[PDB]
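In: Experimental coordinates follow, after the sequence.
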Amino acid sequence: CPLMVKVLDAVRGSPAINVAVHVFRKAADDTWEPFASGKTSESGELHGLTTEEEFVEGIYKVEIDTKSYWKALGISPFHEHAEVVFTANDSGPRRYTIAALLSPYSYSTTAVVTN
Amino acid sequence: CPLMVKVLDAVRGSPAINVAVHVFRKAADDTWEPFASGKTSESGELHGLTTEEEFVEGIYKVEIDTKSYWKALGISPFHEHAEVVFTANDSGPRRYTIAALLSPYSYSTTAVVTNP
Amino acid sequence: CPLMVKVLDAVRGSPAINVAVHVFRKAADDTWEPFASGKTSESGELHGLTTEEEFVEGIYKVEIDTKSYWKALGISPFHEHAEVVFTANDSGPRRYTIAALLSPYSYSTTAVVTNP
Amino acid sequence: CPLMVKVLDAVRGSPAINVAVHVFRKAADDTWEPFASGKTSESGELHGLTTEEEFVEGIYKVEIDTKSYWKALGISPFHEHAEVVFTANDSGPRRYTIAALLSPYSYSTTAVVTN
Ligand SMILES: O=C(O)COc1nc(Cl)c(Cl)cc1Cl
Ligand SMILES: O=C(O)COc1nc(Cl)c(Cl)cc1Cl
Ligand code: NA
Ligand code: NA
């Protein structure tokens, strides 16, 4: 799979488990088209979102439903969600990992692109 | 000044200067309506986006145009921009600072919320 | 004020107030010599640690006592403290802001370095 | 292994490869005793540092030689190294992952403690 998402919890020092993730692809009319989605596993990871065939070049948005995650833990959060927007490029290494570290009023995201 | 944006550059250890910022507010029809925009100063700070009267309850999106920043410095970054989406003022007026720390393949964002 | 420390709380979305900070400087015998200390104010900022005359070339360690901060708030955190170690002023005097963003099991730190 | 270290590079969007990592344990006389060390793999990870038998409760310091990493890439860095100092506690989950995300003038570190 060319696209993986990993989510960590900075308050509990744990993977962020059962977090909803939605992936969108920018369509020609400039709107966001549903592309793939799922929920992070017990390791905070979401595998199997797409295939090499389907993951063509383009602009993609990964939406991490952080607000629901914190609410389920009884913790009051700031953001509605975390959004990661990037261009997939065939020249570059082949595999994309979108990692996010979550706190109630902050998040960090990085991209690990490898061959 | 109930909304301020601050942007730092993690590669240079400096304020991120001349970063374009667009603010949107979700409308009744659930689309993103333009609300305010500006560019960060020499200190990396963007003041004067809105007023207490204008900055009503709602869901706001702060778009930080990180790609245009890195590309103006001769660098090809990963993200198109950084998007910070939050409900504001739903327990009354607050002051929000949206801070962001930028690297070519990563960014952090945090919010400081104070009661005037 | 060539050295300033700023600390934010990522759980509350607020400045991290009353955070103890200890600064050390590596001595000729390669031990850490106490250099300055203080506590962050209501803004999360610690000013007045040192002077331009006193803040000479060297390797400095800024210890931020994150554990005592979280424990004073009734929380059991992971780290003992956050340590920021850097060479300073080796191309002449600079102004350093050491910023840190704190969560119970995580912290970020960045440096803003400017030329007076 | 109860202790793993992972290092990522925020400038290149890649694992931080061949980074030296030194682990120390605080001794009774308040000095730092060498405990384990190694270099991150091609995945940015350092496995096999210690064993359950040796990793007793105590205060540990993980030192990541970030300055040498950046110099080898021709990039001018700020920090001498990144230090992560924490108490190992037997009540807690058993496995500790110390993760660090590196930029030239900034770094983030988080702890993932799982069972
Ligand atoms: O630095 C500021 O004044 C506010 O923004 C920030 N604050 C901290 Cl503590 C970090 Cl690590 C990064 C940023 Cl961008
Ligand atoms: O830890 C991973 O496996 C990848 O994701 C991450 N990696 C690092 Cl280094 C930090 Cl500090 C945070 C995250 Cl979310
Ligand atoms: Na309300
Ligand atoms: Na010199």
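Out: Yep, that arrived. Numbering: from 1, shown residues only, chains lettered A, B, ... in the order given. Ligands and ions are numbered 1, 2, ... in the order given.
In: Show the contacting residues for residue A:106.
Out: Contacts for residue A:106 (CB atoms under 8 Å, 6 or more residues apart in numbering or on different chains) come out as A:10, A:78, B:108, B:109, B:110, B:111, C:10, C:13, C:101, C:103. Any C-beta I mention is one placed from the backbone N, CA and C, and that applies to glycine too.
In: from those residues, which are also near ligand 1?
Out: By CB under 6 Å from any ligand atom, the members of those lying near ligand 1 are residue C:101.
In: Show me which of the contacts of residue A:106 is closest to ligand 2.
Out: residue A:10 (8.4 Å; CB to the nearest ligand atom).
In: Hmm, that closest one is touching residue D:108, no?
Out: No. Residue A:10 is not in contact with residue D:108 according to CB atoms under 8 Å; the separation is 9.3 Å.
In: intersection of neighbour lists for those two?
Out: The contact lists of residue A:10 and residue D:108 share A:101, C:106, where a contact means CB under 8 Å, 6+ apart.
In: Run through the residues of chain A sitting next to ligand 2.
Out: Within reach of ligand 2 by CB under 6 Å from any ligand atom, chain A has these residues: A:6, A:8, A:99, A:100, A:101.
In: Just give me the neighbour total for the residue nearest to residue A:17 when sequence neighbours are not counted.
Out: Excluding its sequence neighbours, the residue lying closest to residue A:17 (CB to CB, 6 or more residues apart in numbering or on different chains) is residue A:42, at 5.4 Å. Residues within reach of residue A:42, counting by other CB atoms under 10 Å in any protein chain shown, total 10.
In: So residue A:42 sits against residue A:15, correct?
Out: Yes. If you go by CB under 8 Å, residue A:42 and residue A:15 touch, sitting 6.7 Å apart.
In: ok so, going back, could you dump the contacts of residue A:106 to a markdown table with secondary structure?
Out: Formatted as a markdown table, those follow (DSSP: H, G, I helix; E, B strand; the rest coil):
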| residue | secondary structure |
| --- | --- |
| A:10 | coil |
| A:78 | coil |
| B:108 | strand |
| B:109 | strand |
| B:110 | strand |
| B:111 | strand |
| C:10 | coil |
| C:13 | coil |
| C:101 | strand |
| C:103 | strand |
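In: Which residue of chain A lies farthest from its centroid?
Out: Outermost residue of chain A with respect to the C-alpha centroid, by CA atoms, centre = their mean, is residue A:29; its distance is 23.2 Å.
In: need the contact list for that one.
Out: With contact set as CB under 8 Å, 6+ apart, residue A:29 has no partners.
In: Can you give me every residue that contacts the closest residue to residue A:18 other than its chain neighbours?
Out: Closest residue in space to residue A:18, ignoring its immediate chain neighbours: residue A:39 at 5.3 Å, by CB to CB, 6+ apart. Residues near residue A:39 by CB under 8 Å, 6+ apart: A:18, A:19, A:20, A:21, A:46.
In: And residue A:2, by the same measure?
Out: Residue A:2 makes contact with A:50, A:51, A:52, A:55, A:94, A:95, A:96, according to CB under 8 Å, 6+ apart.
In: Drop the exposed ones from those residues and show what's left.
Out: Using 16 or more other CB atoms under 10 Å in any protein chain shown as the burial test, the contacts of residue A:2 include A:50, A:55, A:96 as buried.
In: Look at the nearest residue to residue A:51 once chain neighbours are set aside and say how many residues are nearby.
Out: Excluding its sequence neighbours, the residue lying closest to residue A:51 (CB to CB, 6+ apart) is residue A:1, at 6.9 Å. Neighbour count of residue A:1, defined by other CB under 10 Å: 14.
In: who touches residue A:94 in this structure?
Out: By CB under 8 Å, 6+ apart, residue A:94 lies in contact with A:2, A:52, A:114, A:115.
In: rerun that using 6 Å as the cut-off
Out: residue A:115 (CB atoms under 6 Å, 6 or more residues apart in numbering or on different chains).
In: what do you get for the one 10 residues further on?
Out: Residue A:104 makes contact with A:70, A:75, A:77, C:11, according to CB under 6 Å, 6+ apart.
In: Tell me, how many residues neighbour the second one?
Out: Think residue A:75. With other CB under 10 Å as criterion, residue A:75 counts 14.
In: give me phi/psi at it?
Out: Here is the backbone geometry of residue A:75 (degrees, to the nearest 10): phi -120, psi 130.
In: Next, give phi and psi for the residue farthest from the centre of chain A.
Out: When quoted as degrees, to the nearest 10, the phi and psi of residue A:29 stand at phi -90, psi 10.
In: Contact residues of chain A facing chain D?
Out: Neighbours of chain D within chain A, by CB under 6 Å from any CB of the partner chain: A:10, A:13, A:101, A:108, A:110, A:111, A:113.
In: ok, 8 Å please
Out: Selection of chain A residues close to chain D by CB under 8 Å from any CB of the partner chain yields A:8, A:10, A:13-15, A:93, A:99, A:101, A:108, A:110-114.
In: Counting neighbours, which of the residues you listed end up buried?
Out: Buried by 16+ other CB under 10 Å: A:8, A:10, A:13, A:14, A:15, A:99, A:101, A:108, A:110, A:111, A:112, A:113, out of the residues of chain A next to chain D.
In: so which of the residues you listed also contact chain C?
Out: A:10, A:13, A:101, A:108.
In: Next, give me the two most distant ones among those residues.
Out: Among those, the pair separated by the greatest distance (CB to CB) is A:13 and A:108, at 14.8 Å.
In: Can you pull up the residues of chain A that come close to chain C?
Out: Within chain A, the positions adjacent to chain C are A:9, A:10, A:11, A:12, A:13, A:78, A:101, A:103, A:104, A:105, A:106, A:108 by CB under 8 Å from any CB.
In: give me that answer again for 10 Å
Out: Within chain A, the positions near chain C by CB under 10 Å from any CB of the partner chain are A:8-14, A:75-78, A:101-108.
In: Give the intersection of the neighbour lists for residue A:42 and residue A:15.
Out: Counting by CB atoms under 10 Å, 6 or more residues apart in numbering or on different chains, the shared contacts of residue A:42 and residue A:15 are residue D:114.
In: give the contact list for residue A:64.
Out: Residue A:64 neighbours (CB under 10 Å, 6+ apart): A:5, A:7, A:16, A:19-22, A:40, A:46, A:79, A:81-84, A:98, A:100, A:102, A:107, A:109.
In: which residues does the residue lying closest to residue A:109 once chain neighbours are set aside bridge with?
Out: Excluding the flanking residues, the one nearest residue A:109 by CB to CB, 6+ apart is residue A:100, at 4.6 Å. For residue A:100, the beta-bridge partners are residue A:7, residue A:109 (DSSP bridges).
In: Repeat that for residue A:81.
Out: Beta-bridge pairing of residue A:81 under DSSP bridges involves residue B:85.
In: Let me see the contact set for it.
Out: A:19-22, A:62-69, A:107, B:83, B:85-86.
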